[PDB]
J.: 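The structure follows.
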Amino acid sequence: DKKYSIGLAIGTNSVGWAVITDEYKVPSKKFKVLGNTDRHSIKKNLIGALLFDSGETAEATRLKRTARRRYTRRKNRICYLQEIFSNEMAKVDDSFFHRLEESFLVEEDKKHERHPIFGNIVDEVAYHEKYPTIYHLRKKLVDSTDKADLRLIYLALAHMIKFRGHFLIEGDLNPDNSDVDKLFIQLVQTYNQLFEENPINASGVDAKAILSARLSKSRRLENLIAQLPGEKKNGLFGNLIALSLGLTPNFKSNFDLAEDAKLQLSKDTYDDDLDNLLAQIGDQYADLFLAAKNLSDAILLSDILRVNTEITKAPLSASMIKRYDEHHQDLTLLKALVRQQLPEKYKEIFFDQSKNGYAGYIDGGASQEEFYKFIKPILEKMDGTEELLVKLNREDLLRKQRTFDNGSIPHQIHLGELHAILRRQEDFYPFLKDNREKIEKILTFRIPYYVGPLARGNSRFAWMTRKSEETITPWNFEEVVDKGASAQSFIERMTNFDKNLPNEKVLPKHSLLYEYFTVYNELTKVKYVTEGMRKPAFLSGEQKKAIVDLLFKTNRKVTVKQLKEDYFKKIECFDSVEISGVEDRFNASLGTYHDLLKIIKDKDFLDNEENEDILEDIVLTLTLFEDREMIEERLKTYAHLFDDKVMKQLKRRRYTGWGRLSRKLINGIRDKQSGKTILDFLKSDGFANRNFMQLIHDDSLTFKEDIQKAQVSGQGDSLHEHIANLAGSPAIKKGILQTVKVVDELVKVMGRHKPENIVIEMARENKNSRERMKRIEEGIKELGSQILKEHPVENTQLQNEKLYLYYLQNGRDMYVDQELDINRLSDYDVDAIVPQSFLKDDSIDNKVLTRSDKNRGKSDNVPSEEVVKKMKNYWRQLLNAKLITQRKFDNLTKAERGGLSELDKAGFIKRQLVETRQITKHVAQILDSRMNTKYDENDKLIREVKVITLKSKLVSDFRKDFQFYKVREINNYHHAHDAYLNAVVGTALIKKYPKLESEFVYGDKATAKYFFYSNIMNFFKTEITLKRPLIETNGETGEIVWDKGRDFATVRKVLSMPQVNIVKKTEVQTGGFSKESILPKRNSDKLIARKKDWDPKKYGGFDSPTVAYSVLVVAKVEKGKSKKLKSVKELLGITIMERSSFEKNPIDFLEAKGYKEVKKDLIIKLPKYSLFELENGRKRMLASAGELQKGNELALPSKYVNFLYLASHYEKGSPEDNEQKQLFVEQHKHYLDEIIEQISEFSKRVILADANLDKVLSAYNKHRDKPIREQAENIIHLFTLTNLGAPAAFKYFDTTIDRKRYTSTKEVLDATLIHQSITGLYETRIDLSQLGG
RNA sequence: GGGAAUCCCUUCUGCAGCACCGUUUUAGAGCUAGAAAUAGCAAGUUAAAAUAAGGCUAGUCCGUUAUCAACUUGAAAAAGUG
DNA sequence: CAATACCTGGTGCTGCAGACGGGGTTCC
DNA sequence: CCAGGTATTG
Ligand SMILES: [K+]
Ligand SMILES: [K+]
Ligand SMILES: [K+]
Ligand SMILES: [K+]
Ligand SMILES: [K+]
Ligand SMILES: [K+]
Ligand SMILES: [K+]
Ligand SMILES: [K+]
Ligand SMILES: [K+]
Ligand SMILES: [K+]
Ligand SMILES: [Mg+2]
Ligand SMILES: [Mg+2]
């Protein structure tokens, strides 16, 4: 009675729970029932499962929040411009902005004339005739010298400001890198300057048309190279052109380089990458690569601007007008062609918005892509459509001006047109001259990402600090906003403090002191032996100093070969030396030292300790800030120390990331007796050579004492705060908090008696096609492969394992250097790099596509050495293209390092059994600290409750070994059953082997451990491979842990119990008010106004609102023309938008809806999934205010569940055991009819879907000659009809059963409402029939 | 067992700053023949404004995450109840 | 009222911090 | 993908 344990199964949508006794039995209690029914108590088994909707991330909320801010600020830009235009526009047209503001209104509601620009129909029609698009007006106002109407000037400037373009490019544009011809010519000039003996004849080469052509980068490269005889695309000039076109050329073979020189102008590394390449071949080639960069800028701009820039200063608007003119010409030609050749199709093409013709393209919902797909065969079917087809395949036919690709347009182009119009019209309007830079600033200004929202103490997201308390504008931003303090707070609010010194900021990752620390920390544990030496020796202080000065300060990376040859041979005169503590090359390195040595070119400055501070500060500025102007402002204090050239090169250098220790810990605090810092000991510590860990843990030093003193205790978090700050998915965090609440309630159930053990098991948890396609595109263009050209793929298709592996392997076998056939993927094998017997990893990271798995070698180990020798280079190419990860490459190449040792296999099995994920440890810590709170005489924790953590494989193997099978589709009982089995297995496992507590309980020979952990669960078995007692006891205590004659029967009876407390968490719905779609006007009271005065009957709006929670209303409503009061009882869905109004005053809200004399005390708040019971135990859940969900569980008996598992081949064993299971299936075939009858009785009692049940019965009687396996597999599908929750469709073979929905909630108003606690053991039942007259 | 620093990374959480579309109502004089029903043709590419209703704290801020059985108290926060 | 069937905001970019899981060097 | 809103049909 008093002693019990708890089993828990923590999932993303469920928390299973069970209470067990000494004999692994589940108790049952009488629980009091509250309410107004005649039932005063109820018998409950202490087993169940809480169900809840998934916890959501904050991402969608954040995207909507930032979009909201962007809409507000766009409006503010327009408002700034209008404030500038106010007075003079009032002189010209005192209602122009008023007409713009009310343009959306219907004429009935307009307070001014309905024509926006000019206020009369003649002028308006004339305007549209002269300027059919806004880009016509923009080009005119840029080119013309005449004084223009102020309203048209405003419209042009406002159109530029409202849709200003991206900010991906820093600086200014059109810096004479505009022409592709001239930059190509200059690239030829530079190349011919370096290679006089090998010049290129570029005469007659139309570089403009070739490089700006609308074709793939590689195709344009091929076109240009074809125009150059004796020049190949992978030559030097070909690689430069490929770099300008945006490809990833490898300049290695061009310059006979050893280090691969892959360059892409888009990658962040290029600025350093080039500097690396230029380090090997010299700086004579710098001019060449920079000329190629200029050419790249030219080609990128030629993508956007398709017009000659010498006829107009508005090339973008001119290109839009080109779109318009070609659209007009081609539409005229297409209309004439269709009239002549296909006159019957003309109406469908140009009049039917429902079809994807021109009518649906302009008036319907047809996109440019859909319109091209619809009209492609029509153009092919006709004659004279040759050039129209050319334009269609170029995606340049009948184009609009506002299109999806206009995202390419940089803001500098709109800025050029804006500045041009201002320059034209400031000659006539003085306020345009005085406010020119102001309007330009309105277009150009961005709030920096490091500043955040410009709040004033009412934003939990803001961090900006102001230099003065006044309104921030785009023009006073630098003066009002403290950009320095704001940018510093942006980082320091997120960065960790030193854990050893909690009040000390952490050093920058690339700090010189930090890398000195890391290098000395690694170097102090290096040992070496020679011949005459008796014992390996540490490196002395002088030796480490010499190694740093000779190797670490002359090479970016120091290898063990460099250590042996460049020091031990050159200095110590050793011909042979054995090194330990480092393999291949040192992990740490003085990278910042070499960066700054290249930049400032003063090694003595870098080595002088007096400059330490300065250098540190500099790196800090390069790490703390990312804006080059702010970096310049901060480095200005050291301008006197370096040349202007060095200062510029220093500006361009930037670092990211932070270390993990503070400067005060590394080189600040000093040991009391020695007076030496941590770094001082790392540089020299006699013959002990203590490292960081030893230094801060040595009781003979002051470091440990000072670290203990420096720790501070912050304000303790709450349970919810602690769980929220955990590192994990918000879904599993929701599960964790629910688990803790379940444990608290269970302890209260057991009379505040704490359990003996708590066994917890956390489920392994596994758009995305977009990320996969991004990976494959990047890796293939980085690879330089044409696999996407020769074989096109949709991102969705990549959800196929084998095809995704095909593209990740560039269509090649991973074990044989051969090509694979896409059409033969069904014949190929997917192989685990490390076998799944050892590592149960089914990720693409551990899988590989090969023709035959036989070719991997031996199945017991990692791929053989022969395969590695064959395929290592191909694997390295796949690695550098990110097509395979480093771990995948290392597992693939482990055979050359000995392959899998026996220790590796032992560790793999141990991993399969012992849980090591950090989040599970955090849950165990939470439970352990809540259960165990007292301390003993030695002030050590008293662990009354053992928190055991198990992995899912233990209970899964238990179920499969002792035929306690699970079928998830039958019902939700399997969560509770998993919890029960977790408790049983964990308690029994630690009872049998107490020494396992260290492995399995929270708190403080390889063949032998492999054998042991593989045979840890054999004590449950009676006979193993190739016998054991029926009673299993503990060896030392003699206590019984498992009775194989009685306890298995207990587990069976527990899993057979029909009454299981499955509780669906009732939740108030939150989030969006309704569907986002802005529907057109319609006569319906379902439409919701998008603005207070926008009557949806005239303006359209939203519908489909989400009900936050329903409310039971008992009141009277007026009836008929007489308004006679009639008593009612009904459900009112309070929408999310209505919730605040309803809660502020419920009576006023309800009376506004029409209810009179509302019984205030009878108002019942009913969230989603509110439980109601009707007749014959039939239950419903509240799906909404006008729909219900299935509220019952189908407790299918255990015999039928195990039969369904075995018959369907759900998941083997000995062939004799296989045939025993097959013979049992065939001997119990009648279980099929018995299961169908169980389902039918359940559906007639509870589901009440006459049509669906009859159709299912007909479908079952139709496929009775089908194989037993397939019939069982589809019986599994049938349980969707009876599953708890929302109805859904399901297929029995090819017969589709659509969901029967409960579109009415009238009945629950007279049924019994059931309020359940979190476990469901405590209930309050309210007979709703006793409400209302 | 647990933990630390470094290397190669890997995956995910949280935050800020932007762009392009979409949609919605209005504006872009449709014409001719019919009494009209309708028929024959012309035309189409653009813009304004909104983009959670809105809020007070009035900021170039905030408004979709997390958390929530019932009951007794409680203004609430919370505690308590089988 | 029951069956039925439709519908459902999307794309692209920049910058930053952190923990996580897992191979390796060294330690507590 | 779900699964609740909506209108159409009856
Ligand atoms: K009017
Ligand atoms: K050629
Ligand atoms: K369209
Ligand atoms: K190494
Ligand atoms: K930085
Ligand atoms: K100077
Ligand atoms: K919520
Ligand atoms: K939700
Ligand atoms: K509940
Ligand atoms: K590690
Ligand atoms: Mg707004
Ligand atoms: Mg638009």
Side-chain angles (χ1 to χ4, degrees), chain A residues 31-32 34 55-58 60-62 64 66 68 70-73 76 100-101 103-106 114-116 121 124-125 128 132-134 165-168 323-324 327 358 362-363 398-404 406-407 446-450 452-456 458-459 461 472-473 490-491 494-496 518 521-522 525 581-583 587-588 626 660-661 691-694 697 720 724 727 729-730 885-887 890 918 998-999 1004 1066-1068 1070-1073 1075-1078 1080-1081 1086 1088-1092 1098-1100 1103-1104 1137 1167 1183-1184 1187 1286 1288 1315-1318 1322 1324:
Chain A
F31 287 92
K32 179 164 181 53
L34 309 174
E56 295 168 7
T57 66
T61 304
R62 163 168 50 88
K64 270 136 184 173
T66 61
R68 241 148 43 214
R70 273 176 269 126
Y71 275 140
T72 297
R73 294 158 183 180
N76 286 334
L100 296 188
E101 194 206 59
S103 69
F104 185 83
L105 295 184
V106 300
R114 66 191 188 100
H115 295 95
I121 184 155
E124 213 81 8
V125 174
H128 282 272
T133 76
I134 184 61
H166 67 77
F167 288 82
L168 303 184
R323 284 192 190 179
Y324 180 82
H327 184 137
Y358 188 80
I362 301 295
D363 290 326
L398 293 167
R399 290 266 284 166
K400 304 177 184 176
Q401 291 72 67
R402 299 303 227 95
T403 46
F404 54 92
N406 294 342
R446 282 170 70 199
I447 305 182
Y449 68 87
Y450 52 81
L454 311 182
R456 206 174 65 176
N458 292 130
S459 171
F461 309 91
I472 303 172
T473 73
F490 161 76
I491 289 298
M494 304 187 296
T495 54
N496 279 327
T518 61
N521 200 39
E522 185 181 5
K525 287 315 185 186
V582 57
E583 304 300 331
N587 294 325
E626 202 259 327
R660 299 197 54 88
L661 310 174
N691 59 5
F692 178 62
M693 281 288 96
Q694 295 178 316
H697 283 146
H720 179 208
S729 74
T885 62
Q886 173 83 37
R887 164 175 174 262
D890 291 333
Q918 205 68 29
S998 71
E999 307 291 318
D1004 290 5
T1066 63
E1067 288 179 331
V1068 178
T1070 61
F1073 288 158
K1075 285 186 177 184
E1076 297 181 336
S1077 299
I1078 298 141
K1081 65 183 177 187
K1086 290 328 201 317
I1088 300 169
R1090 300 172 56 211
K1091 233 63 172 153
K1092 177 184 178 180
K1098 300 177 189 148
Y1099 301 104
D1103 70 357
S1104 307
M1137 195 175 69
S1184 61
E1187 192 172 338
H1315 294 289
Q1316 314 190 261
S1317 63
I1318 186 168
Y1322 301 107
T1324 298

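A note on names: the letters A, B, ... follow the listed sequences, proteins ahead of strands, and every chain is numbered from 1. The analysis underlying the following values was restricted to heavy atoms, covering all of them including side chains, and did not include hydrogens, waters or symmetry mates.
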J.: With a cut-off of less than 4.0 Å, is there a side-chain N or O of A:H128 near OP1 or OP2 of B:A47?
T.: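 For A:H128, the contact criterion (side-chain N or O under 4.0 Å from OP1 or OP2 of B:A47) is not met.
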J.: With heavy atoms under 4.0 Å as the rule, sort A:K400 into base, sugar-phosphate or nothing.
T.: sugar-phosphate
J.: Nearest to the side chain of A:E56 - C:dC28, B:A66, B:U6?
T.: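 The nucleotide sitting nearest to the side chain is B:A66.
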J.: Counting only side-chain heavy atoms from C-beta out, which of C:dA19, B:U46, B:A52 sits nearest to A:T133?
T.: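 Looking only at side-chain atoms, A:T133 lies closest to B:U46.
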J.: Please determine whether B:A66 and B:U57 constitute a Watson-Crick or G-U wobble pair, defined by two donor-acceptor distances each under 3.5 Å.
T.: no
J.: Considering only atom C1', compute the distance from C:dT26 to B:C7 and round it to an integer number of Å.
T.: 12 Å
J.: Please report the sugar pucker of C:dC16 as north or south based on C1'-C2'-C3'-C4'.
T.: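 C:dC16 falls in the north pucker range.
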J.: For A:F167, give me all partners under ring-ring contact (aromatic ring centres under 6.0 Å, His included), at least two apart in sequence or on another chain.
T.: A:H411
J.: Taking only the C1' atom of each, what is the distance from D:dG4 to C:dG12 in whole angstrom?
T.: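 Result for the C1' pair: 32 Å, nearest Å.
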J.: If you find the nucleotide of DNA chain C closest to A:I491 and the one closest to A:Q694, which residue's nucleotide is nearer the 5' end?
T.: A:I491
J.: Please measure how far the P atom in B:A5 lies from the corresponding atom in B:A52, and state the result in whole Å.
T.: 43 Å
J.: Identify which nucleotide among C:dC28, B:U6, C:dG9 has an atom closest to any side-chain atom of A:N587, counting heavy atoms from C-beta outward.
T.: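 When the side chain of A:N587 is considered, B:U6 is the closest of C:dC28, B:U6, C:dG9.
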J.: If only atom types and distance count, is the side chain of A:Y1099 paired as donor or acceptor with the main-chain N or O of A:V106 below 3.5 Å?
T.: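 Present.
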J.: Toward the 5' end of RNA chain B, which comes first, A:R456 or A:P132, by nearest nucleotide?
T.: A:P132
J.: Rounded off to whole Å, could you give me the CZ-to-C1' distance for the A:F461 and B:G14 pair?
T.: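 Value for this atom pair: 10 Å.
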J.: Taking the minimum atom-to-atom distance to the side chain of A:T1066, which one of B:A52, B:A69, C:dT14 wins?
T.: B:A69
